[PDB]
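Chain by chain, the residues:
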There are 2 protein chains.
Amino acid sequence: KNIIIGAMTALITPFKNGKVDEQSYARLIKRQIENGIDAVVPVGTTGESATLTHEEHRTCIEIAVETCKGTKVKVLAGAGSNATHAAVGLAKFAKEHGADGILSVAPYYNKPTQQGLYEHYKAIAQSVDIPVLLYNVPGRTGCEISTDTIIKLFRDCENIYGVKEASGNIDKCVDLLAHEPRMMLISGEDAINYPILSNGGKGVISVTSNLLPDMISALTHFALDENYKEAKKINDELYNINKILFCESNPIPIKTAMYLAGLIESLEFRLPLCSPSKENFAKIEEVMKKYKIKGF
Amino acid sequence: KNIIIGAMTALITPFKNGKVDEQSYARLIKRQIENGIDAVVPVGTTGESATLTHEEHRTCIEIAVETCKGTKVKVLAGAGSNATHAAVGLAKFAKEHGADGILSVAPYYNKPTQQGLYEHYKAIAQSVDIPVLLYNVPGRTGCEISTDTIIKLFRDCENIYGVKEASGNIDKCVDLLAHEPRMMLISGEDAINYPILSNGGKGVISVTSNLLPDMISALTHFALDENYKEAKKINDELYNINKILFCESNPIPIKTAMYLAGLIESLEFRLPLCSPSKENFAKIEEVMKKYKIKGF
Ligand SMILES: NCCCC[C@@](N)(CC[C@](N)(CCCCN)C(=O)O)C(=O)O
Ligand SMILES: [Mg+2]
Ligand SMILES: [Mg+2]
Ligand SMILES: [Mg+2]
Ligand SMILES: [Mg+2]
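Definitions and cut-offs
- Within every chain, numbering proceeds from 1 in written sequence order, not necessarily in step with the numbering of the entry, and residues without coordinates do not appear.
- To label them, take the chains in the order written and letter them from A, then take the ligands in the order written and number them from 1.
- Processing note: side-chain calculations cover all non-hydrogen atoms of the structure and skip hydrogens and water entirely.
- Residues with missing side-chain atoms are left out of burial classes, side-chain pairs and their counts.
- UniProt positions are given in the numbering used here, feature names are shortened, and annotations may be inferred rather than shown by experiment.
- By the criteria applied, helices consist of DSSP H or I runs no shorter than four residues and strands consist of E runs no shorter than two, each listed in order from the N terminus.
- The quantity called the radius of gyration is restricted to C-alpha atoms. Its globule counterpart is 2.2 Å times the number of residues to the power 0.38.
- By definition in these notes, contact holds between two residues if any of their heavy atoms fall within 4.5 Å.
- Note on terms: buried area is the combined drop in 1.4 Å-probe accessible area of two parts once they are placed together, counting the loss on both.
- One side-chain nitrogen of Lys or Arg within 4 Å of one carboxyl oxygen of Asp or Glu is enough to make a salt bridge.
- Think of a polar contact as two N or O atoms within 3.5 Å of one another; within protein, one of them needs to be a possible hydrogen donor and the other a possible acceptor, and neighboring residues in sequence only count if both atoms come from side chains.
- Here the term charged refers only to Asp, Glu, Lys and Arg, the term nonpolar to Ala, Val, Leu, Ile, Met, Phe, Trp, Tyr, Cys and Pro, and the term polar to all other amino acids, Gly among them.
- Aromatic pairs are defined between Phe, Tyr and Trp rings, using the six-membered ring for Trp, whenever the two ring centres lie within 6.5 Å; interplanar angles under 30 degrees are classed as stacked, those over 60 as edge-to-face, and all others as tilted.
- Relative accessible area decides the class of each residue, using a 1.4 Å probe on protein chains only: under 20% of the type maximum gives buried, over 50% gives exposed, and in between gives partly exposed.
- Cation placement over rings: the criterion is NZ of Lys or CZ of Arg within 6 Å of the ring centroid and within 35° of the ring normal.
- Throughout, the protein atoms alone are placed on a 1 Å grid, and a set of points is a cavity if a 1.4 Å probe fits but cannot get out or a pocket if it is open with protein on both sides within 12 Å along at least five of seven lines; lining residues have an atom within 4 Å of a point.
- By definition, two strands form a pair when at least two bridges between them are found by DSSP.
- Angles shown run from 0 to 180 degrees and are taken between the N-to-C directions of axes, each axis being a line fitted to C-alpha atoms and, for helices, limited to the stretch in contact.
- Small angles under 35 degrees read as roughly parallel and large ones over 145 as roughly antiparallel, with 65 to 115 read as roughly perpendicular and the rest as oblique.
- Put simply, a crossing is left-handed when the front helix is turned counterclockwise from the back one by less than a right angle, and right-handed when it is turned clockwise.

In its metadata, the entry names X-ray crystallography as the structure determination method and reports 2.2800 Å as the resolution.

Under the annotation held in the PDB entry, chain A carries the name 4-hydroxy-tetrahydrodipicolinate synthase and is attributed to Campylobacter jejuni subsp. jejuni serotype O:2. Taken verbatim from the UniProt record of chain A, the Subunit comment is "Homotetramer; dimer of dimers." Heading Subcellular location of the UniProt record for chain A holds this comment: "Cytoplasm".

Chemist: Would you mind going over the overall build of chain A with me for this structure?
Modeler: Scanning chain A from N- to C-terminus turns up 13 helices and 10 strands. The globule rule puts the C-alpha radius of gyration for 296 residues at 19 Å, and the 18 Å found for chain A is close to it. The contacts in chain A between residues at least 6 apart in sequence include a share of 71% that link residues at least 24 apart.

Chemist: Explain the interface of chain A and chain B to me, please; I cannot follow it from the model alone.
Modeler: Across the boundary between the two partners, chain A contributes 33 residues, which contact 33 residues of chain B. Summing the contributions of chain A and of chain B, the shared interface buries around 2900 Å²; its carbon and sulfur component is 62%. At the surface where chain A touches chain B, the tally comes to zero salt bridges. Where chain A touches chain B, the interface holds 12 residue pairs in polar contact. Of all the elements in the fold, those that place two or more residues in the side of chain A that touches chain B are α3 (84-96), α4 (114-127) and α5 (138-141) of chain A. When residues in the side of chain A that touches chain B are grouped by element, the largest group, four residues, is from α4 of chain A. Split into classes, the residues belonging to the side of chain A that touches chain B amount to 13 nonpolar, 16 polar and four charged.

Chemist: Explanation requested: the packing of aromatic side chains in the structure shown.
Modeler: A ring pair, where both rings are aromatic, is described by two values, the distance of the centres and the angle of the planes. This structure, assessed with the given rule, holds four aromatic pairs over all chains. Between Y108 of chain A and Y109 of chain B the ring centres are 4.1 Å apart and the planes differ by 5°, which places this aromatic pair in the stacked class. Linking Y108 of chain A in the loop between β6 (101-105) and α4 with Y109 of chain B in the loop between β6 (101-105) and α4 (114-125), this pair reaches from one chain into another. By relative accessible area, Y108 of chain A is classed as buried at 10%. According to the relative accessible area criterion, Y109 of chain B is buried, its value standing at 3%. Above the plane of the ring of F154 of chain A lies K1 of chain A, whose end atom (NZ or CZ) is 4.3 Å from the centre. Positioned above the aromatic ring of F93 of chain B is the side chain of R58 of chain B, whose terminal nitrogen or guanidinium carbon lies 5.1 Å from the ring centre.

Chemist: It is not clear to me how the UniProt feature "active site" in chain A should be interpreted in this structure. Could you clarify?
Modeler: Residues and elements named next belong to chain A. Per the UniProt record, the feature "active site" sits at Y135 and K164. The greatest C-alpha distance among the residues just named is 4.6 Å, despite their covering 30 residues of sequence, which places them together in space. Lining residues of the largest cavity drawn from the annotated set just named are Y135. Looking at the element boundaries, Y135 is found in strand β7 (residues 132-136). A residue is classified by how much of its surface remains accessible, and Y135, at 7% relative accessible area, is buried. Here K164 shows up in strand β8 (residues 160-165). By relative accessible area, which is 6% here, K164 ends up buried.

Chemist: So what exactly am I meant to see when it comes to the side chain of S49 of chain A here?
Modeler: Among the structural elements, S49 of chain A can be located in the loop between β4 (39-41) and α2 (54-67). Given a relative accessible area of 18%, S49 of chain A falls into the buried group. What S49 of chain A contacts, discounting residues up to four positions off in sequence, is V43 and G44 of chain A together with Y109 of chain B.

Chemist: Quick question: what am I supposed to make of the side chain of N159 of chain A here?
Modeler: All names here are of chain A. Considering the arrangement of structural elements, one finds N159 in the loop between α6 (147-156) and β8. Accessibility expressed as a relative area gives 13% for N159, which makes it buried. Looking at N159, its side chain comes within polar contact range of the main-chain oxygen of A125, at 2.8 Å. Discounting residues that sit within four places of it in the chain, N159 has contacts with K1, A125, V128, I130, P131 and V132.

Chemist: Explain the sheet that holds strand β9 (residues 184-187) of chain A here, please?
Modeler: Residues and elements named next belong to chain A. What the eight strands build is a closed barrel, ordered β1-β4-β5-β6-β7-β8-β9-β10; its pairing is parallel. On average, each strand axis in the sheet is tilted by 25° relative to the strand beside it, whichever way the strands run. Bridge count for β9 against strand β10 (residues 203-206) is two bridges, and the pairing is parallel. Within β10, the residue paired with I186 across the bridge is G203. Most of the contacts of α6 go to β8, to which it runs at about 155°, and overall it touches β7 and β8. Docked against the sheet, helix α9 (residues 213-224) engages β1 (6-10) and β10, running at close to 150° with respect to β1.

Chemist: When you look at the environment of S206 of chain B in this model, what are you seeing that I'm missing?
Modeler: Residues and elements named next belong to chain B. Tracing the backbone shows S206 in strand β10 (residues 203-206). The buried category is assigned to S206, whose relative accessible area is 1%. Placed 138 residues apart in sequence, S206 and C68 show a C-alpha to C-alpha distance of 18 Å. Excluding residues within four positions of it along the chain, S206 makes contact with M8, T9, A10, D190 and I216. Side-chain polar atoms of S206 contact the backbone nitrogen of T208, separated by 3.1 Å.

Chemist: Help me out: how do you make sense of the packing of helix α3 (residues 84-96) of chain B against α4 of chain B in this one?
Modeler: How two helices pack is summed up by the angle between their axes together with the distance between the axes. Residue and element names in this part refer to chain B. Taken N-terminus to C-terminus, the directions of α3 and α4 make an angle of 25°; their axes are 9 Å apart at the nearest point. For the element pair α3 / α4, the angle class is roughly parallel. α3 and α4 meet at a crossing whose hand is right-handed. Seen from α3, the contacting residues are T84, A87, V88 and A91; seen from α4, they are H120, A123 and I124. Taken together, the residues of the contact of α3 with α4 break down into five nonpolar, two polar and no charged.

This is the structure we're talking about:
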């Protein structure tokens with residue numbers, strides 16, 4: 001199976017006067033490339049996929065593909081949808097426009113059954129020939145891809161090579177890798193990056209890496225080399241920022257942090273997402289002071 | 001405040017080949033009208049809003065308005081979105097195409113803060129002059145509209161007049177009507193229709209009414225006329241079918257029941273939704289036998 005693993009960043013999408021700041025987007029991706037990141041994920045949840053138009057979503061995939069040409073950094077395009085026909089269309093766009101693979105979140109709101117999730121992902125995987133990473137985040141979608149469904153899709157669909165778990169369930173991550181040790185388990189939960197890697201996970205899709213890509217990259221590569229003392233040390237040091245980046249709904253804190261670090265021009269969201277509270281703004285600012293934030 | 005209350009049906013959307021069966025759709029609405037229903041809700045969750053195109057969503061609103069003209073039946077159009085710009089667009093379409101009001105679900109997946117929900121709904125309410133009913137279903141959206149936010153929106157916006165609660169939280173329904181008794185609390189949870197009505201709720205937006213509109217209508221009208229004895233009696237009798245209609249994710253069981261009753265031609269969903277499992281198919285069929293289903 002072809003895989004995309006290592007340290008990866010769920011890219012934020014900067015806005016300027018209600019439109020996608022495309023130069024800031026490319027500049028942010030190049031900052032990720034230059035700090036050891038192995039792959040970037042345009043237009044995930046952290047990239048506000050819900051409020052981008054289908055055309056802006058496509059533009060951001062293209063910018064990511066264009067920016068990473070001539071580097072070893074891969075593009076794992078955000079292509080999830082709660083409608084299978086739309087998810088197939090995004091997957092086909094990502095394939096035809098040079099993405100190295102796709103991340104495909106479990107359908108949200110409409111709560112498909114396990115059989116529906118299987119058929120949903122089978123239709124996506126059969127539509128392209130690039131690697132497909134499942135994405136389970138039940139707190140966001142209202143549905144869970146069971147371990148059995150993940151393993152079945154991995155074994156039945158040639159290009160489905162793993163899952164990005166954001167479920168706070170280390171038991172499930174043992175379950176997954178004990179029964180199917182060839183799949184690529186990816187951490188979608190920064191605070192527990194090291195435990196997931198230490199059990200045989202092969203990478204991270206990180207929110208914190210937007211702010212501290214060098215630290216998340218070092219953590220992941222230490223862990224992949226079984227240097228668990230150095231990987232755990234970074235994971236422990238990052239715990240405070242990893243948690244405060246979810247004091248409000250992601251990506252509200254991370255965009256606040258990027259703005260406070262001067263890495264983005266304006267602190268702009270698209271409704272229903274909004275600027276954080278004044279208290280949380282100050283709490284994000286205070287935790288940042290304990291970390292060294294790389295510039296451009 | 002202008003309000004839309006009473007017994008309301010979250011209409012299923014029948015498919016025929018790969019498209020919406022528009023004549024069956026109109027036929028189902030006239031069956032609802034004939035069975036005492038006060039309003040119909042096109043393209044809600046039960047109507048598979050996630051997998052309809054924006055054009056199909058708009059078409060189903062038009063058919064509902066067309067069909068309910070000259071009857072007392074109102075159209076509370078499903079107009080929710082997890083992107084505020086899209087929810088404003090659906091709200092404005094519903095106003096300009098003759099809907100009596102809109103149902104607007106809390107944003108799903110991107111999980112806005114309470115402040116974001118306020119601004120999301122304030123932007124929608126200010127975009128039209130027809131009643132707006134909030135819709136809280138955290139099991140599916142991943143977020144909750146708090147009691148404080150619902151009451152604030154009710155008091156701050158002229159056309160926001162209440163909430164359809166599908167949260168299994170009768171405590172919250174006491175909280176809502178004790179602090180703001182002027183709002184229209186609507187049950188979005190069939191099994192507990194009567195308890196919500198008996199506490200001062202003023203209507204239901206029902207899934208079971210798709211199959212048994214006469215029973216849900218009588219239940220609501222018994223309760224609003226303070227005949228609690230008969231309202232509870234129908235609620236108790238409907239419990240078995242109310243529960244089996246969610247043995248799998250709505251609207252998979254209700255569409256199965258409508259197909260088994262001969263009310264729709266094919267048992268068709270749009271992926272990721274799928275026909276139910278086989279023993280669940282038999283359980284829906286067995287519970288249906290204890291109820292008298294009205295034909296056309
Ligand atoms: N990423 C670019 C497009 C985003 C579209 C959407 N906001 C809404 C998705 C949708 N399936 C739209 C269909 C609604 C038509 N009635 C949904 O709202 O469920 C989402 O996927 O979150
Ligand atoms: Mg727009
Ligand atoms: Mg180059
Ligand atoms: Mg090495
Ligand atoms: Mg009436």
